[PDB]
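Okay, so here's just one chain, in structure tokens, the form deposited in one PDB entry.
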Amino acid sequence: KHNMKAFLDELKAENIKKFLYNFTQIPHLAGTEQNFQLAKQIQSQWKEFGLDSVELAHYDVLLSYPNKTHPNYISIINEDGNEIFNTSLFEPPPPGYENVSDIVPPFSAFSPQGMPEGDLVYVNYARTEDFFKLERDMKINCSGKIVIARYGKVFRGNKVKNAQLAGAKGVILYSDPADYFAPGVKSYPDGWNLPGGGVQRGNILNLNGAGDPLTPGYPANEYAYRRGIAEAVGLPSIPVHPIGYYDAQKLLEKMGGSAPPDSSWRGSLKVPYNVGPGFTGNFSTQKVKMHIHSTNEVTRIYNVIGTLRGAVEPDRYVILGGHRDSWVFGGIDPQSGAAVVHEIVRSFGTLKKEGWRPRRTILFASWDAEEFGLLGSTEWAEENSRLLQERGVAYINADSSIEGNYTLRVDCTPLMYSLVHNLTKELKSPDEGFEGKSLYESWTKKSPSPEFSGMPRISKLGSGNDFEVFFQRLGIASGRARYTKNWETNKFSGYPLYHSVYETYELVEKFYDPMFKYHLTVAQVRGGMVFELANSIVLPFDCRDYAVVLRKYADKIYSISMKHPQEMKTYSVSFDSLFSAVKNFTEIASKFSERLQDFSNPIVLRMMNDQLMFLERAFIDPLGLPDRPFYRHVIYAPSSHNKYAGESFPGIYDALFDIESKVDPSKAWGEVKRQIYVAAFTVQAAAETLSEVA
């Protein structure tokens, strides 16, 4: 028969391994010819696998590259002007790697050019709260300084933006072994740890959901009008460069000024972690000089889009997508997800050749230039927003399959919680000590919900990956799932080798998943979801799950506001309307669930499914959030302090953040009230899309 189990069993660990190997032998940097070749290979294999159509969708987008003959680097410069120490120009490449000249050296994509010289200030992780600790408690001024920050905790582009707002003239980012060196494991190539010469690449955009910085709102197609560089959407305005911990130890060890405020400011290097500004005594005359010569250039990128037409509802789209472009070899990020996606397409194509079709249309995407700020997925979604708005059922992301081997990790809309729960109860746990047991049980045991026991943790979507435009801008239900580490604490840092040249096929095969069993599990979760979304007669969304979390979120934002009881009284700040809306939503959603069990008639079915599909859409505010016209979801947005994290009721949360330091409290609290009204009105409106239609 042609059912989900047939689909799950066609997925093989060995095929995923063949694909991962094939996809990671050379670099696939966005905009390069090698990446275009891999696109043509995907396209032509997805045709062989059996898809109805497979096409390249190209865009000309702003990309960023180092200058091949004027390399980026940082110096310590002395009084006479002599460069007495220089950071490295490239990472020592991994063992057996031949075409070296083609490996992009470490750089921060989208840094402007510049040669600033100054005194160093160490800002910890450069989080909003680290800048508050520096300027407000220690009274240390960053204006005109170079800040050195460690990677981790928050998206690197937030760090750069915090440094800009504090007046810095440059940013050095580095990987501290506290965050990137798991005790008791060896450095690559003998272990999965970061060596001293390894360096994390990555864009430092001030992400705002726009996609190509030159064409916000519209696809970067052939006749596109482009903004000038000066009006470009999220480009940083100070030079930025990343280094490894050997180079960083050389910069940090001379530092003076004030002691670190406490030990959460210390990493593991053998240095005092002085905050600065400047070096101590003997070296107070030395300076740090950055040399950044990277260039911005409009470059062609290619998305592969495969279509598997639905038998019954070909005008309803379930999308499975992940990116193909990598910084270097992309051993984990993204080819461990791309390999899983290839095995899923192969498996759907098999059933297709035996005469089966999904009920709904499935779209498979291999996105380009995700590493440069989600450009391939975002341009495609701007091009097709009208089709996606009226037709998109769900989006499943498939970037990295693993990032550890301890347990499952899932972020998705509440509409998909019950789907995820049911699917994982029917899947085998691949974990040692859990054979015979379900994936749900191992997952629940190792990663418990902080709210309800007997349930696993599912997180909120923010930004940082290609689901972002589907979910935050268009309001299409979205989800992602991968295998992860035990280390809850480092959950936004990346694994040790994240974005460095050492992420290779050997890394995955020797240290992560020799049997490819974690990849197989992940393929089963992402394929299984896509299968159910695409084939279930009633869409597998449970609106009652949205009712439950809305009430946690409302309780939470109310709690944050109540740290200011006197202002709540003086300005009449009331959450009554928002609680009433969440109550109405709870009521209407449970009446709706009953009718959904209690109705054969294709029109009634299409109408109920349309209520389910459009329910996520109903949380979209067409005016967007304040100053953020492309963050339109009123319940979720990327956190303004950490684009990797989702924030709930983001409009109210931003109006409240640091509200005590607003100079006009009447106008600040007026803006909180406005956002309560917007959130209340939107919850009620969404609820009324689930009422009887007439």
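Only residues modelled in both forms are compared. Definition used throughout: the rigid core is the maximal C-alpha set that superposes within 1.5 Å between two forms. Each residue number is its position in the shown sequence, starting from 1.
> In this entry, is the chain continuous from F599 to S600, or are deposited residues missing in between (none, 1 to 3, 4 to 9, 10 or more)?
Replying inline: Per the record, 1 to 3 deposited residues are absent between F599 and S600.
>> Mean Cα B factor from the PDB record: higher for 338-346, or higher for 132-140?
In response: The stretch with the larger average C-alpha B-factor is 132-140.
> Which has the higher mean CA temperature factor in the PDB entry, 281-289 or 570-578?
Replying inline: Per the PDB entry, the higher value belongs to 281-289.
> In the PDB entry, which of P106, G475, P261, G157 has its C-alpha at the highest B-factor?
Replying inline: Of the options given, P261 has the highest CA B-factor in the PDB entry.
> Between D247, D176, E379, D80, which carries the biggest CA temperature factor in the record?
Replying inline: The record points to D80.
>> Which third, lowest, middle or highest, does the C-alpha temperature factor of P216 belong to within its own chain?
In response: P216: CA B-factor falls in the middle third of its chain.
>> Considering every modelled residue of the chain and its Cα B-factor in the PDB entry, is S590 in the lowest, middle or highest third?
In response: Middle third, going by the recorded CA B-factors of the chain.
> C-alpha B factor of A686, ranked within the chain: lowest, middle or highest third?
Replying inline: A686: CA B-factor falls in the lowest third of its chain.
>> Considering every modelled residue of the chain and its Cα B-factor in the PDB entry, is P626 in the lowest, middle or highest third?
In response: Tercile = highest for this residue's CA B-factor.
>> Where does the C-alpha B-factor of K17 rank in its chain, lowest, middle or highest third?
In response: For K17, the deposited C-alpha B-factor lands in the lowest third.
Keep in mind that the form deposited in another entry is not shown, yet the notes after this line are about it.
> If you fit the two forms on their rigid core, which residue out of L623, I537, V100, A230 shows a CA shift of at least 2 Å between the shown form and the other one?
Replying inline: Meeting the 2 Å or more criterion is only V100.
> Rigid core fitted, then: does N490 show a CA shift of 2 angstroms or greater between the shown form and the other one?
Replying inline: Shift at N490: 2 Å or more after core fit.
>> I want to verify one pair: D658 and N490. Are their C-alpha atoms nearer or more distant in the other form compared with the form I supplied, knowing the change is 3 Å or more?
In response: Note: Cα gap between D658 and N490 widens in the other form.
> How does the CA gap of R480 and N490 change in the other form versus this form, closer or farther, if it moves 3 angstroms or more?
Replying inline: Compared with the form shown here, the C-alpha atoms of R480 and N490 sit farther apart in the other form, by 3 Å or more.
> With the rigid core superposed, can you list, in sequence order, the 3+ residue stretches whose C-alpha atoms all shift 2 Å or more between the shown form and the other one?
Replying inline: After superposition, residues 98-101, 488-492 shift as runs.
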